[PDB]
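First the structure, in the form of structure tokens, and then the observations on it.
Because the Cβ atoms are built from the backbone with ideal geometry, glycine has one as well, and the counts that use them run over all protein chains shown. Bear in mind that the values in this text are calculations on the coordinates, not laboratory data.
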Ligand SMILES: Nc1ncnc2c1ncn2[C@@H]1O[C@H](COP(=O)(O)OP(=O)(O)O)[C@@H](O)[C@H]1O
Ligand SMILES: Nc1ncnc2c1ncn2[C@@H]1O[C@H](COP(=O)(O)OP(=O)(O)O)[C@@H](O)[C@H]1O
Ligand code: BEF
Ligand code: BEF
Ligand SMILES: [Mg+2]
Ligand SMILES: [Mg+2]
């Protein structure tokens, strides 16, 4: 009893990762389904009476790095529900059917604390089509997950079961059945990529315009949201590389302020960054050759046959996340 | 005792025999194995004994566990919905007494129907399994399901599965009527739409439900339950997506209407008072919308192995 | 490890050690032997050690602040694409050239 | 208690 | 104006969309027009 | 078929709106047109 709750006390997360629905770029449809399955039952509970019941399972799939876990963080901030984040490390115990006794205890906790959300990240590692798997882990963890999700005496009222995966075709057909809205999270289009550059530069001083972000978004076809987060990471390192490779700085303008300049210029003293006083440094603003430099160096992460099997599954069983 | 008596349910899920659509052979066998021994117990004397094992099999999502809920409502029995979580244990010699206790309390509570759901997770051919869990459970269960003449009240052992070909041949022997629950045909689908819309106000006719039932070939009953779920959401999309409502008709009542219409004020649902909202009707474009978006679940080679097992043993 | 899902509470409490003693460096030498594209591998080792390494590197409730995960390999094309994603600067160490050889 | 090991 | 004219076209083109949700072609063909003319007025 | 055309008209209008969010009058004046012509094709 209390030994097991002592184990699973470290799953009720308590920190609210501050991602909001606008920090997600793109994805109208997936935000729409997640709002009308998470936000709307709590905010207007009088509506869901009679035949009108809320959704009790949502699978997100896609290529690597496109927004799945991030959108789960957005739900974790905006939901106002207890957000269990469980994984395969926390269910496979050593001890003859704890990997069923733990699962049953998990949903028993998420019924005593309803409304709840259970986010099983990378569900394809629990649920592996059961034609080649081993007896215990296979039949008993998969089977207790099945029976526990709908079953006979079980009452999945007010719990929601999310889940993300990258290999949606290696999923057992009974568990493809339990997830009743398989939404597909794709690589971003033009407007989404432009939005992600505008978000990821943040409030950093840059000389860029709307046509500059528009240019970069036109330049990066094939990149997922991870890749654009790291080209913005690398391009934000470019002023430091300037400010170290600077034989020679120069005063400009609140009391003294010097920036790197070429050998022999208007007020060009010869020094190193080390020579210069705390704060009173002026670092060259993000100017578009920094981003072109980063985009030349950084190369895509997803290939183009993985996309064929993703589109296969979307055409055979799936929604379209827009 | 107080560890397996969490198999008895008591909430009685209110599904009655006129909610499963079709499946008349299966209702027939279940009635003459559950209802009829209790109602006329004088008949079963001599050579005429009741059935003591029934396996339901089929593709995923076609009615097996649901029909078990129908039995659980209509039976007037004591109903043990036991599973593999509730029988296996660390300590050796506990997965002997647990099965043994289960059947002994079933004979405390005669008549008893016991629903060992997904029997392929207890009974796994014993050539690769571990010592404790696989062998003593399956041998003790084989013994206690060899109670032919003594179990004339009490134990009727149901069981459902999706992988009926991965079942041990001794346990294929014990289940003496392997019935197959298939994907549903036209009249059943039309019945399921008529049931799942419930008492919700809709403009649909019999030829509309007939149209949708003609449209959905290949869907199981789960899929039609979720296209009715999504199509019942479609009004709240036509209330959230609103720039303009309008009064119609018990004191004020407004519904979404197009920009510029007879009494078309411009507002949002948020602007409008509790209750005094007029929830839009259910069209047929709502169902066509849902059927375009929702895509079937069973794959057409799973059906080949199901038909294989039915042709060899079923 | 040997006893059934000990081979991933090791992964988890490795990274929890590096979080208690930050700023930390984790050097996983020869990473292609842990992380093998998971289309042919076995259930426990494959899905559970690879999966706990994935979720533990970025995940949801995990906070990879101040830890750095190195890693070397000789077969970089046999690496799973989610783990190719997690390693965000794949640098290539080539055979030497003239000034380097003279220096050596 | 009878614990499970795991083989190759 | 302009910064607004560009904002009112969208306002129109929305109503137009909202209108087709009742198959009201009349309203639509009109708002989708009052809008277009105005994008030429830009 | 008519339901499909209406969906396409609404899509084109949404795309037009999205375009004016970059002041791109070109795209706009076009999609808001390909759309209108089609509402007459109805
Ligand atoms: N659609 C997106 N919008 C905004 N940021 C994104 C998006 N996709 C990815 N990112 C960024 O890329 C990172 C990768 O997102 P993450 O949730 O880990 O992706 P996933 O779990 O699918 O692989 C996120 O932390 C975020 O920083
Ligand atoms: N014959 C049926 N009558 C009514 N609803 C049905 C029927 N078959 C399936 N359904 C719908 O599908 C749901 C899933 O049924 P379920 O018991 O999970 O099927 P099974 O156990 O075979 O997979 C049912 O609860 C109901 O929502
Ligand atoms: F969760 Be990600 F798409 F690797
Ligand atoms: F037929 Be079900 F998926 F139990
Ligand atoms: Mg992720
Ligand atoms: Mg079932």
Legend entry - Between segment B:81-108 and chain E, the alpha-carbon center distance in angstrom: 70 Å
Inset, instruction - Compute the Kirkwood hydrodynamic radius of segment B:75-145, taking the inverse of the mean of 1/r over all pairs of distinct Cα atoms, and give it in Å to one decimal. - result: 12.8 Å
Inset, instruction - Find the relative contact order for chain C and round it to a whole percent, using C-alpha pairs within less than 8 Å whose residues are 6+ positions apart. - result: 35 percent
Inset, instruction - Pull up the DSSP beta bridges for chain B and report the antiparallel fraction as a percent, rounded to 5. - result: 30 percent
Legend entry - Per residue, the convex hull volume that the Cα atoms of segment A:188-300 enclose (Å³): 119 Å³
Legend entry - Axis-nearest residue in chain F [Cβ, rotation onto E], distance in whole Å: F:13, 2
Legend entry - Shortest-first nm distances, residue E:34 label point to equivalent points in other copies (7 Å, Cα→Cβ): 2.6
Legend entry - Relative counts (whole %) of C-alpha pair distances in chain A, using bins that are 20 Å wide: 26, 45, 23, 6, 0
Inset, instruction - Could you grab the relative contact order for chain F? Cα pairs under 8 Å, six or more apart, rounded to a whole percent. - result: 49 percent
Inset, instruction - Kindly state, to the nearest 0.05, the FRET efficiency for residue A:4 paired with residue C:42, given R0 = 22 Å and r defined as their beta-carbon distance. - result: 0.20
Legend entry - Radius of gyration and Dmax over the Cα atoms of the protein assembly as shown, both given in Å: 31.7, 117
Legend entry - Between segment A:161-229 and segment B:1-79, the alpha-carbon center distance in angstrom: 50 Å
Legend entry - Helix C:9-20 axis, angle to chain C major axis (alpha carbon atoms, nearest 10°): 70 degrees
Legend entry - Residues of segment C:21-53 with amide N under 15 Å of the 7 Å Cα→Cβ point at residue C:70: C:24-31
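Restricting to the protein assembly as shown, what percent of DSSP beta bridges are antiparallel, rounded to 5?
Restricted to the protein assembly as shown, the bridges split so that about 25 percent are antiparallel.
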Legend entry - Efficiency of FRET from Cβ geometry, residue C:78 and residue A:309, R₀ 22 Å, rounded to 0.05: 0.75
Legend entry - Computed FRET value (nearest 0.05) for residue A:248 with residue C:13, which takes r as the C-beta separation and R₀ as 51 Å: 0.50
